[PDB]
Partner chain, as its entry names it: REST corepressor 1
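This document starts with one chain, in the form solved without the partner chain, laid out as structure tokens.
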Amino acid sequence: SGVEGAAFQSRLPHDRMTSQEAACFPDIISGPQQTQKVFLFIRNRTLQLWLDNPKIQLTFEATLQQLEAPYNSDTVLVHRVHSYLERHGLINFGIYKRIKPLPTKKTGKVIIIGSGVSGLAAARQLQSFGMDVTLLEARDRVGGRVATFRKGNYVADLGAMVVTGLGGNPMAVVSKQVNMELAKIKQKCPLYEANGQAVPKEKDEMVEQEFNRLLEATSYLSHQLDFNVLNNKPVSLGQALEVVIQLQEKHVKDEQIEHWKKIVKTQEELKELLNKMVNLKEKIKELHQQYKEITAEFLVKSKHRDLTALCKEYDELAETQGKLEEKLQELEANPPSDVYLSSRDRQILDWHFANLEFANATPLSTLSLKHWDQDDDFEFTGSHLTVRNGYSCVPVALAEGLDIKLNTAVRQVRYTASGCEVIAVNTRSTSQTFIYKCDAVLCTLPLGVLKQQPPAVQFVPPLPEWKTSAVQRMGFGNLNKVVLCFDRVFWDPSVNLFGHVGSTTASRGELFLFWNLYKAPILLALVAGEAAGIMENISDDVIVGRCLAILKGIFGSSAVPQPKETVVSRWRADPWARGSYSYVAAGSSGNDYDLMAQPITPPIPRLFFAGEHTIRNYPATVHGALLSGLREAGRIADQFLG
């Protein structure tokens, strides 16, 4: 299934046309289904040709010469499919050799706000389409939230560092184009408690099992019993989790109660049984006395078959007594669980919640119970990988040949029914400003900058209410890293990651996870959830000291030398980001991502949007950013080039 795999790798069903293709090829969708079969094959085959060699431009001509008969005869259809694929960034995207050099005459001018992956991806597309494009970047580097530290042989990412499974991932193509080295993340993640001792395989698995069960429960509660609103306030994932935990504790307490009652009941039956036996002994004594006084040949017989009958009674009770002392001791030896989670178990469980806070870049109490995993259905297949040589290799290579103006911060964006003006200032001399005129503006401003109050950049006219309302509802998280560069490796080189279990629920996200990913002796420590924003207020030295303390508790002091180099990110305080990435906040939904993607048009579309926050099925990702850029380049070219 070569062509079939090509469609998969392109996130398209191989045997049916998408709604997009239906709209662009209405004559095919509403026509002979045999022609649709032909359409799909041309489409799947063209994708295969491009995917099999993503370093070279796939021209219409080369596509035609590589298609087998009878397909190579339907010249017009092939061109229509090739044009569509190319326009929408499914082929000829990223970085590749052009066999058809760009035309000197550039049509239409577009200003791209932001030199991150979304802006870079859109820029390269728009340029290859023959448009005049210039990127305005506030920083003194490209890449935005993809940021790599490089010094000597030391390499470390302060922003994006993980690639999520290549099957269907556009980054698979970009990886090949820039020769980026990817290493699969080994699953083994040993956990160490606050005292530094490792958590036994048993408990680790047990608690991880409970974590999974608790999450599954919140999903059942949400997508079955429709428990998504309470007191008119949307329910958060954190909220639902604590409720599920409470029920588990209630259930444990109930089975404990019932058990104690079995004990008490058995204990009462015994006391009462012992009491009638004591009375039967007193009744036997009444006989082993008195009994012994000439008709006796019949009086002794009588007193005998009488005194014995009282033993066919007594030791008979000692029997029905042994069946209780047995039942009793059996119960007081097999007690149900005393608690749902021991104090130590709860801390380990909090580590798993912190991990989830890292993945969504926000405390669980802010996540939408109903929509936090709204995009799960779009995950790519395969192991998640890490960028051994620094993720910045992508934006750096994508910037090749582009007209990028660094140290240029945009402060105003004017858009009228007949053109656009973008005002920016030099960040090195806020005295001098710049005024760039253009036909269209592509804003790849991070959601955190768009939420900023007072606003960092002004829109004239101001953005619509349906747009600003979406920006306000959507969540924008935070996550930070501490890069520790050593001259020696004192950790287990075969382990990619290991966790640090915090002491309290509130600080569970503080330096809870360490990553071993590079050539040089470098460790990355994460700061998630509530800890992320707070720790930004701590100086590098103090935060590094707390890292070494964690490390020394694990590997022993004297084993951990002082770091030669350290880097600490503070994404929330970074004025060009104001956070790490978006998340679906309680009260928001995947629809806000669609609203974020909508162009603003006063008589015709003028202001466009790209960025990790404008792509519903792939939010908060580098690939999502990439795709949003390809998407917008297509929408813009359609408007200005037709």
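Residue numbers count along the first chain shown, from 1.
The protein also exists as the form deposited with the partner chain bound; that form is not presented, and the subsequent description refers to it.
- Partner proximity in the entry with it bound, defined as non-hydrogen atoms within 4.5 angstroms of the partner chain, places exactly one of 441-449, 128-136, 114-122, 246-254 at the interface: 246-254.
- A heavy atom within 4.5 Å of the partner chain in the entry with it bound is found for exactly one of 453, 320, 224, 494: 224.
- 301 is the sole member of 301, 105, 519, 488 with a non-hydrogen atom lying within 4.5 angstroms of the partner chain in the entry with it bound.
- Contact check for residue 281: a heavy atom falls within 4.5 Å of the partner chain in the entry with it bound.
- Using a 4.5 angstroms limit between non-hydrogen atoms, residue 473 is distant from the partner chain in the entry with it bound.
- The closest non-hydrogen atom of residue 311 lies within 4.5 Å of the partner chain in the entry with it bound.
- Contact annotation: residue 435 falls outside 4.5 Å of the partner chain in the entry with it bound, judged by heavy atom distances.
- Applying a 4.5 Å heavy atom cutoff to the partner chain in the entry with it bound picks out 210, 213, 214, 216, 217, 220, 221, 224 from 187-224, in order along the sequence.
- Assigning each C-alpha to whichever rigid part's superposition fits it better places residue 112 and residue 211 together in one part between the shown form and the other one.
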